[PDB]
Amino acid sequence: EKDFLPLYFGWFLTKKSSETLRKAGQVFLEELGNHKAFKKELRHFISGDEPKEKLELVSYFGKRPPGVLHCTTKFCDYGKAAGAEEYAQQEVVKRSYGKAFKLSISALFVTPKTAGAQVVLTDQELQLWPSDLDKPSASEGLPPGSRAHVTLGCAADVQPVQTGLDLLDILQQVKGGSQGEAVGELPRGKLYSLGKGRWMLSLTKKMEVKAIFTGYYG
């Protein structure tokens, strides 16, 4: 018999770090939904603003991680995903399995589909980032590891994998220092309105979270 791989590999945040990031994300949703720039753009966010009332983003992102938060490196589907075996056989992956890492969170974001946190990997952590033969059209021209994120919430009919795609689309948009100017300032940083229902909070001070690199089997 052959050994199957994890569902996916990634960094799983400690209990304390997950709680700190989760709360920071929830506070962001509350502040954003209350901000006049967001309220004014609700039609670009939802088609159901027929009612001129307030959208509660915590409710909108009603599918959330139930427990510990994580940052996926390679989705393997037990070995069925393309590139899964190649990723898992790397020395660096086997050597790092079970080890602790610190991940830097540089931004929080919201789109009509997902709420998440942008992770900025170190050079060492980038060695654990996969390099496959399918660099999506979405990631082209962005540095390796740009997709690294923590999912904080998803709209009802959205899959968590969409969060990485949303982050890449946001990074394409702000690539050319194309942030322009902030539409406001929340307590933790500058708030950017990127159009098409996309919002990005750039943290004045990056958040550091501790996590264990390991395999999740579902």
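Quick note: we count residues from 1 along the sequence shown, nothing fancier.
Modelling of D134 is missing from a third or more of the other compared entries in which both of its neighbours are modelled.
Modelled in this chain, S47 is nonetheless unresolved in at least one third of the other entries of the protein that span it on both sides. Mean CA temperature factor is higher for 50 to 58 when stretches 65 to 73 and 50 to 58 are set side by side in the entry.
Per the PDB record, of the two stretches 93 to 101 and 119 to 127, 119 to 127 carries the greater mean B-factor over its C-alpha atoms. As recorded in the PDB entry, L42 shows the highest C-alpha B-factor of the residues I170, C154, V27, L42. Among the modelled residues of the chain, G10 sits in the lowest third by CA temperature factor in this PDB entry. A182 sits in the highest third of its chain by CA B factor, as recorded in the PDB entry. Annotation for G33: C-alpha temperature factor in the middle third relative to the rest of the modelled chain, per the entry. When the CA B factors of the chain's modelled residues are split into thirds, the value for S146 lands in the middle one. Per the PDB record, residue ranking by Cα B-factor puts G79 in the lowest third of the chain.
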